[PDB]
Amino acid sequence: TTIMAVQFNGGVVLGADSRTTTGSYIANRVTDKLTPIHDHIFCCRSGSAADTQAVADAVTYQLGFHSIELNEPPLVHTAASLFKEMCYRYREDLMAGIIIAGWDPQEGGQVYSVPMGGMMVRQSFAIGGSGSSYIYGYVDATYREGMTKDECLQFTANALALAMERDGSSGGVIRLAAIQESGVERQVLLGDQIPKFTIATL
Amino acid sequence: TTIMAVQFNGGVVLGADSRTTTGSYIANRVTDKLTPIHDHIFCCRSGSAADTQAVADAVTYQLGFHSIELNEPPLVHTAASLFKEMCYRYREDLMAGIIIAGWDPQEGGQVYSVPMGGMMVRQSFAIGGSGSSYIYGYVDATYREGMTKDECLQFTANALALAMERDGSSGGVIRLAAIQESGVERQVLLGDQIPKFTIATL
Amino acid sequence: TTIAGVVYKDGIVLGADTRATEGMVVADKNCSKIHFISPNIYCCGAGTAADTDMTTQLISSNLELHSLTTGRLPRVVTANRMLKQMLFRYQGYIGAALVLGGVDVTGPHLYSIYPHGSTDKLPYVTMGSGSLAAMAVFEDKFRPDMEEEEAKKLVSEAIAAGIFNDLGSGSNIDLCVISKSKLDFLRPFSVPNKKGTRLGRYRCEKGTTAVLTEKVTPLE
Amino acid sequence: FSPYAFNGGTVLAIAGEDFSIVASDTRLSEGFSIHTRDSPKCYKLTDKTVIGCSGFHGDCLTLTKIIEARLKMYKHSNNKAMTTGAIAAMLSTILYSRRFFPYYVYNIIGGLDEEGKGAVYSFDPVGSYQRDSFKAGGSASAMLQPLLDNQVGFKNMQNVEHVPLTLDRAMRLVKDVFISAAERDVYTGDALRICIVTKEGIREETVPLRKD
Amino acid sequence: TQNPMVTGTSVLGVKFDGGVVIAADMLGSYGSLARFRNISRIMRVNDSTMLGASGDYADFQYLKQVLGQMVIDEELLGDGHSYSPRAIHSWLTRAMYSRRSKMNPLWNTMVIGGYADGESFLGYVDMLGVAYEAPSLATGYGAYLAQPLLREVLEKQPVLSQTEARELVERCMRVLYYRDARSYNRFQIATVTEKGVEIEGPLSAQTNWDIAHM
Amino acid sequence: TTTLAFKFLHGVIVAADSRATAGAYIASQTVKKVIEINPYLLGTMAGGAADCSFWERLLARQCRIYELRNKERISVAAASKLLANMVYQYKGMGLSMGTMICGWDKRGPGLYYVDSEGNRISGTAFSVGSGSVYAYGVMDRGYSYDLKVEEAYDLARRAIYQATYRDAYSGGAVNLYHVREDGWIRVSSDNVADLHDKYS
Amino acid sequence: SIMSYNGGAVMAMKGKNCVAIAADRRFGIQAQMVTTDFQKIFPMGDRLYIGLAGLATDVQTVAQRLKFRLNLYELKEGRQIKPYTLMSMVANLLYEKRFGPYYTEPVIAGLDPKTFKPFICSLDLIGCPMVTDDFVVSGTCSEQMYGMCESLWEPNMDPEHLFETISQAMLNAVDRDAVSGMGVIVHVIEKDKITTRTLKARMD
Amino acid sequence: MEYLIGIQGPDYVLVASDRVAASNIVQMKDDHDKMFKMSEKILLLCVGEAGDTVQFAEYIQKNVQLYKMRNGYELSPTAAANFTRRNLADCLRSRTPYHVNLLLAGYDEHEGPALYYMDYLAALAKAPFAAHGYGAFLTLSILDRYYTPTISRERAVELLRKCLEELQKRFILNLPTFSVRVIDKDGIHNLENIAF
Amino acid sequence: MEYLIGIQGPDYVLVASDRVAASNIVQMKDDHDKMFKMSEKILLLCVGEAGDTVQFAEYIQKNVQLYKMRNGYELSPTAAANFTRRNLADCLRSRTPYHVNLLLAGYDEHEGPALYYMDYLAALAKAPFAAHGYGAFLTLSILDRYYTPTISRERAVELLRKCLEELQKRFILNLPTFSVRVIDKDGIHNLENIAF
Ligand SMILES: *[B]([O])([O])[C]([C][C]([C])[C])[N]C(=O)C1=[C]N([C]2[C][C][C][C][C]2)N=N1
Ligand SMILES: *[B]([O])([O])[C]([C][C]([C])[C])[N]C(=O)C1=[C]N([C]2[C][C][C][C][C]2)N=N1
Ligand SMILES: *[B]([O])([O])[C]([C][C]([C])[C])[N]C(=O)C1=[C]N([C]2[C][C][C][C][C]2)N=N1
């Protein structure tokens, strides 16, 4: 699994792979890891498929009801706090690595990291999954403040592509998402559209 | 541990960190991982300090004696084959990740990889150690054929610096080495000279 | 156990504590941890006491035999190689982590040998259970090319740090100065601990202990 | 996950005919490191009772707090302070309440009985207890018990007239045995707190020990 | 919490003449990986109390919110009474022991530093419920490396000044960056005096690598 | 621990050693292994010091409450049955105790053995503890139902003495009790060292 | 522990111009005592005695193999073995079985041949020599012995004063141990005599 | 569990042993002999491991009998007990250590009767009386209380009966018959079996 | 190991059991009773777990005696054996399952003698004769070869002796005395104990 979320002025850019493996076998080669929690709030799932789906459904329910009572677009921090609560409560029973990223009228585009234990930390960009270990040095040397919504989409596509080649648990296609104030725009990157890097050869 | 070896027209460029940790404690913060096997043949050590030192001493002895009988500069492939023999023979007793890289009159600058199991494979550049996992995506996206002896030194310094920040077992200074037909040139990169990358901040 | 060593201007200064414990009980409050390898090479040893003695005793006899043959002064590399090769052959089963320091033709060298067989050639080293306490003093006050008296004060502070912060080390402080023209074995160098004076006597007056049998035998 | 930690520390207790001395070292430790050099293990319960605990510090801090609260509740319903013997009998039931997840504490209550003579009660981790003359509990309990037996109990001595245990002679004995326990035990050291329970209140004395 | 996830290293603490100073590096480690390099591990409880926790970071965030509510709740009554550094320390000791007795503890080691009624308070609470007071504290690997340095300065100079204690904290942070494999060269420095709790940073140490050339 | 009990013609004789151990270390040597439930009821203790002490004290509180309601002293069979049902609830939980209830109710002298495992049998001669095997040897050898009071005291004292000589976990002194129809009486409390000088 | 299977304790003290070596006499398998006169101290040559504590089978084996070596050594270089030389000999023997050691902690005590200088020392199972100036203890109740010797031993005691100190230390140390006792044998080595008396101990 | 016992008198040694060979819950033999005649005045009682007892007792016996053939004189009880102790102690840390407990009884012309006790860890100990097995716990106290150093042969057999009678009523195992022998200056004598 | 045995005849049931209570290696009692009188014509023999046997046998007994009080008539042997089997089977998968093996013997006026066998897994089985323990292996074959359905009471006791005599010589345990009872139309009768 290789999920990634970066942010720009307008909003945020999400990305993930689509491989679901049960051992050394790919049960689902086109999994959709990016899950919408609300209109402008998404979340990348990593870890256990059953655990991340159960939590996302629960949070989506709680956030929807909360947003209907307050009669206002929910805050991205509120969605991240809900996720964090369940992730911390059942930390000994769940295996998730959720990355909440959305856009709200108050703070704009935000990216939150909710790792296994259940802690919540806001970053400008976050990477998760088993294939995120190979691109830690790449994102630290390529990320630059001031990236636009176009550069963020190329930055995420480049990092995900590099992690899919080295990780056996990551592969398939690339599902991107650019969330701004206007709305959400999904986009898939297949074979030819997936960034390629010449393999060192003698 | 984070060792790395790249090659160019003339010869090769080596690099490593200098941290030796026994748990969560740094027993040696300025370890010299680059070990000379011969005049123009070096080797980066990774894994167990006692196992890599024992093997390097043995190979250095065998290679020295072999080179004195043949009355000719030893081949880099010969040094790598010796390492591979002991690494494979005692694969269940040793824990090493040697990277043999040198320069000889026949094939020029070569880089050989001899991972834990004891296999031997020649590459244009190789990375080893526990901190090499974080820079796998970086080297695949930055490496380009045709790099000169100057660009190779900047490429190795950049990758080692990125691995030292994410890995707890890697740190200290950076020991580089550029081996050509003229000879070997060692160089250390301390605090201020170590490449720095602005940490993402909000 | 707290053993340490540094490399000053023209020599080597080794130090160690004098406490030996058998679990959480002090068995010996004045044991020697600095072993003689040769006239110009000494060794501080921690880890398994029995193995530390036997390993240094064997290597010292090998270095003495080698010295008689060559007819020259032994090198620190020779002692290092012998130790590290023998230690590696036992696969770590010989718990003997020692600090090897001496002065030869190449100058003053300080090594640190670990049980498995790995060695490290640094300007200052610390071993034992109170190694982290002594390392903090070396990482806060150590300077290259120090004076003999400065190196003796800095190495005394390192041993003192371990003696007062580690439960496995105590008693006195042992020093060993090895230079290009001298060898000063100062034992003890400093006595920071002293048993409190008795508040009353508990002498056992004769006849206080009953006897069932008694047999005297006159020796020649 | 281990819920216990050996923190060391030794506590002594000698009972006289008019007094009761309870001493202990003030060094808190763990493994090979020293937590604090100033941590006495003696707690004043009432005006004629002092409790001394050693072992897992977490349980010592909780047990002591429970005893303090139990004494206050007992005085509210019975309208009088709890006696040494009643505090010992109550401690037994508190220690045995956690019989399947026991307190890793070695308690030694020392005070005065109804008559006015020194009383010393030794306890075991689960709750068992008995009244004796002298007692040593902790990491140096095996190092001090034998000495008190010989010196105070006059055991293994054929020609001794058995002189009464005076308060001045017992004060030296506690200082002497603790100076020998600091030479051998690695958990005993730095400072010795001495509480003297008499009819004129509880006095406290502090003497230094080895730091190594 | 049987197994910690993202954890923090050692937290330093030393009392000086007129306050308490606490330092902690800003790093969240996931095993041997430096995952989060900008997390604050020091929290200001109230005007006279500050807290520095090491170990499981998720547990620290839970305690940070459970303590914040307490302080807020007490300020709503506005009766003049406020939680002192000693009362917070006591509350934490009972919370740590209670969790440890239920075989489900909060994997943390806290350092409570406060300054109320003309007294500087430096507490220390671990995950087992073990607690004590001292002139200088150090958790994690700081007890083996920084504790010996802090204790060697307080033996010849029991009372320290604000500038002296701060200069000593920087020396300890620098030594921890050379020997602890789970530390970062980016830390925060909190100080609690008569004026209140103040946090500075991120700060760095002046590391020297002369020994690498020899 | 070494405790024995046997009922002869003149009541029941109860004897026990006084030594507590903490492994190899001898915790104490003045422990009272015989607890008095009341004037006509005796209870011995063997095994877990805290286990036997807390449960026999709980039985003593139960026997006192029983006598207030029924206005009569509890029998030896009912007392042992009470204790047996108490320890059965925590069966296979770690409890370690081997007690012997002795007294003189309606049906003459009664001696019951009750352990934490679940046993609860009546008899004429019992022996609990780690030194019980050695005590049995001397007991049986010299046991006679028509033994005189003085001869019964000797047998009980000699039986505990030999058991403390062979077993390392038994020592201290030898506390002897004698249950009669008028109630139990404390016979003696000779020290083992003084018994060794008399049997040599 | 294997060392606490047979019990026993040995003690060696130093005096002015004399040495004392005491030991318990109880031989027993775990909690059961077999005999009460087991030998734990062996004579290695007039003014040289060796006390062994630990596994009874290894106590006899080590005492017999050391005697075998000591006999050959004294015949080869016709002279009396020196106290310090015996310690090295014993340490060497124990270190041969470094990975399958004998369960016995030796305690050597004697006067130096010709100089008559007191000498006491103790070794661990793998032969780690430890020469002290006051006393050396070895057994299942060393903690109790450590506490007695620490507060009873005096710098320069005489034969009679030394005998009282080592007897009071052993008698009170073995009374706190369950698998140690059943009699105490003390040997006081002087320059011209070897007094041996059995103390009146508790038979518990 | 097998049972052995020895009682040393002023000029004689009295040894007895159960004669019950058993597999799992059944007694295969009720007249088994656990005594080995090493010499004319030496008896080796052996109990323990199923196959080890006979293998070890026969090896010692062979060597003790070999000693007399080549030398002309027999080994003494002390020397025979030290030889067997040295052999059992050598195998202890070997590949195949014998798990056997034994009692050596013998009569030396210039030393009288000797009774040696040995466990499976090869720890030799001379004693006035001894026993092996689970029945030793029940009979050792009886011995202690009634045994005197000047005990006569007639009282030694009467004392033996008491110990065996105690086993009959207290022990949980079934030991109905016991083999009895006595060694003095006229060699080894077979005594009538004590049956119940 | 405890031993129980039952022999059902034409109009009587013969049950016997060892009376030995023991702790570790010593017999604490040599006259213990393992038979429980459930009713006037029902006996419940119980063996097994130290504390479970009495706790379980007394609970059943209490309920069987309660049944007669409130109803006026006693429970039949079949119903009493089904009631006890249902109670033992309910605790089997509970928190505290009793580990007890038992034999229920009774005489029904309109059904004659009944002998029920039950293990610790609550499996009820009517049988002409049965046994429990380690001694059952040695005596079950003797029963099989000599037992006939029309066996008389006198021969039933003679047959019982044979089984108990076999235990005396073959079993490794010590079982010297046995409790014997017989249930017919006149209730339960105590028979002289068979001692060896
Ligand atoms: B990823 O590899 O971490 C991925 C993230 C999920 C899709 C949110 N996880 C998985 O690949 C994955 C597979 N499974 C199950 C394993 C057992 C069979 C059904 C699938 N769980 N997570
Ligand atoms: B690296 O981290 O992989 C490094 C490579 C070595 C230096 C060639 N290894 C180590 O850090 C290391 C440390 N140790 C020993 C552990 C036990 C104490 C002595 C050092 N072994 N390898
Ligand atoms: B006896 O030895 O059984 C005796 C009987 C008691 C005093 C009534 N028991 C003990 O001596 C004893 C030992 N222990 C524990 C053993 C494990 C360590 C803590 C003490 N409890 N009772």
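Every number for a ligand or one of its atoms is a count from 1 in the order of the listing. Residue numbering restarts at 1 for every chain, and letters A, B, ... go by the order of the sequence lines. Side chains included, hydrogens not; waters and symmetry mates left out as well; all remaining heavy atoms used.
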Chemist: For ligand 1, which atoms have a heavy atom of A:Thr52 less than 4.0 angstrom away?
Modeler: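 Every atom of ligand 1 under 4.0 Å from some heavy atom of A:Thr52: 8 (C).
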Chemist: Is it true that C:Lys121 and B:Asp32 make a salt bridge, defined as a side-chain N closer than 4.0 Å to a carboxylate O?
Modeler: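 Judged by the 4.0 Å cut-off on N to carboxylate O distance, C:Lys121 and B:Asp32 do not form a salt bridge.
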Chemist: Suppose I only count heavy atoms of A:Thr21 and a 4.0 Å limit; which atoms of ligand 1 are within that range?
Modeler: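 Contacts of ligand 1 toward A:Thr21, numbered from 1: 11 (O), 13 (C).
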Chemist: Just jot down the side chain to side chain contact (heavy atoms under 4.5 Å, CB included) partners of F:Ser96, sequence neighbours excluded, or say none.
Modeler: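 F:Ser96: side chain to side chain contact (heavy atoms under 4.5 Å, CB included) contacts with F:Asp51.
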Chemist: Which bit of F:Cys52 is near ligand 3, meaning a heavy atom under 4.0 Å away: side chain, backbone, both or neither?
Modeler: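 F:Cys52 to ligand 3: no contact under 4.0 Å from either part.
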Chemist: Aromatic contact between C:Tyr93 and C:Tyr90, with the criterion being ring centroids under 6.0 Å apart: yes or no?
Modeler: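 No, ring centres 6.0 Å or more apart.
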Chemist: To the nearest 0.1 Å, how far is atom 22 (N) of ligand 2 from its closest protein heavy atom, and which atom is that?
Modeler: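 Among all protein heavy atoms, the one nearest atom 22 (N) of ligand 2 is B:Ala49 N, 3.2 Å.
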Chemist: Closest non-hydrogen protein atom to atom 18 (C) of ligand 2, residue and atom name please, with distance?
Modeler: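 Residue, atom and distance for the closest contact: B:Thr22 CG2, 3.2 Å.
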Chemist: Hey, is atom 8 (C) of ligand 3 under 4.0 Å from any protein heavy atom?
Modeler: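 Within 4.0 Å: yes, protein heavy atom nearby.
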Chemist: Pairing donors with acceptors under 3.5 angstrom, does anything connect the side chains of F:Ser18 and F:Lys32?
Modeler: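 On atom types as modelled, these side chains do not qualify, holding no pair under 3.5 Å.
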Chemist: Considering F:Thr1, D:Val126, D:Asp124, F:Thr21 one by one, which has a heavy atom nearer to atom 15 (C) of ligand 3 than any of the others?
Modeler: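 Going through F:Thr1, D:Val126, D:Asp124, F:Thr21 one by one, F:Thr21 has the nearest heavy atom to atom 15 (C) of ligand 3.
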Chemist: For F:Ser130 and F:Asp167, which I'm curious about, is there any donor-acceptor pair between the side chains at under 3.5 Å?
Modeler: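 A donor-acceptor contact under 3.5 Å links the two side chains.
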Chemist: Would you please indicate yes or no on a ring centroid separation below 6.0 angstrom for D:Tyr104 and D:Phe56?
Modeler: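 Between D:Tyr104 and D:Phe56, which both carry aromatic rings, the centre distance is not below 6.0 Å.
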Chemist: Tell me, which protein residue and heavy-atom name are nearest atom 4 (C) of ligand 2, and how many Å apart are they?
Modeler: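 Going atom by atom, the protein heavy atom closest to atom 4 (C) of ligand 2 ends up being B:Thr1 OG1, 2.4 Å.
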Chemist: For ligand 2, note which part of B:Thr20 has a heavy atom under 4.0 Å away: side chain, backbone, both or neither.
Modeler: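 The answer is both, backbone and side chain.
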Chemist: Give the residue, atom name and distance (to 0.1 Å) of the protein heavy atom nearest atom 21 (N) of ligand 3.
Modeler: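 Here the nearest protein heavy atom works out to F:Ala49 N, 3.4 Å.
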Chemist: May I ask you to check if ligand 3 and F:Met45 share an N or O to N or O distance below 3.5 Å?
Modeler: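 No; the residue has no nitrogen or oxygen that sits under 3.5 Å from a nitrogen or oxygen of the ligand.
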Chemist: Considering non-hydrogen atoms of the protein only, which is the closest contact for atom 10 (C) of ligand 2, and what is the distance?
Modeler: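 The protein heavy atom lying closest is B:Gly47 O, 3.9 Å.
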Chemist: Any non-hydrogen atom of A:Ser130 lying under 4.0 Å from ligand 1?
Modeler: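 Outside the 4.0 Å threshold, so no.
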Chemist: Quick check on contacts: which atoms of ligand 1 are under 4.0 angstrom from a heavy atom of A:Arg45?
Modeler: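 Listed by number with element, the hits are 8 (C).
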Chemist: Sub-3.5 Å donor-acceptor pair from the side chain of B:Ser132 to the main-chain atoms of B:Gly129, do we have one?
Modeler: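 Here the side-chain-to-backbone pair exists.
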Chemist: Please find the pair of heavy atoms, one from B:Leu160 and one from B:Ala16, that lie closest to each other, and give the distance.
Modeler: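 Nearest pair, atom of B:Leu160 first, then B:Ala16: CD1-N, 3.3 Å.
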Chemist: Does the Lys NZ or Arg CZ of D:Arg98 fall within the cation-pi geometry relative to D:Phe101 - under 6.0 Å from the ring centre and within 45° of the axis?
Modeler: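 So D:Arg98 does make the cation-pi contact.
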Chemist: My understanding is that we take every heavy atom of each candidate and find the minimum distance to atom 12 (C) of ligand 3. Doing that for F:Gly47, F:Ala27, F:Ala20, which one comes out nearest?
Modeler: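 Heavy atom nearest to atom 12 (C) of ligand 3 belongs to F:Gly47.
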Chemist: With side-chain contact (heavy atoms from CB on, under 4.5 Å) as the test, would you mind laying out the steps for A:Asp17 and A:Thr1 before giving the verdict?
Modeler: CA-CA 6 Å; A:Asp17 62 308; A:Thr1 284; 4.3 Å; yes
Chemist: Find all atoms of ligand 2 within a distance of less than 4.0 Å from any non-hydrogen atom belonging to C:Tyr114, and give their numbers and elements.
Modeler: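 Matching atoms, with element in brackets: 19 (C).
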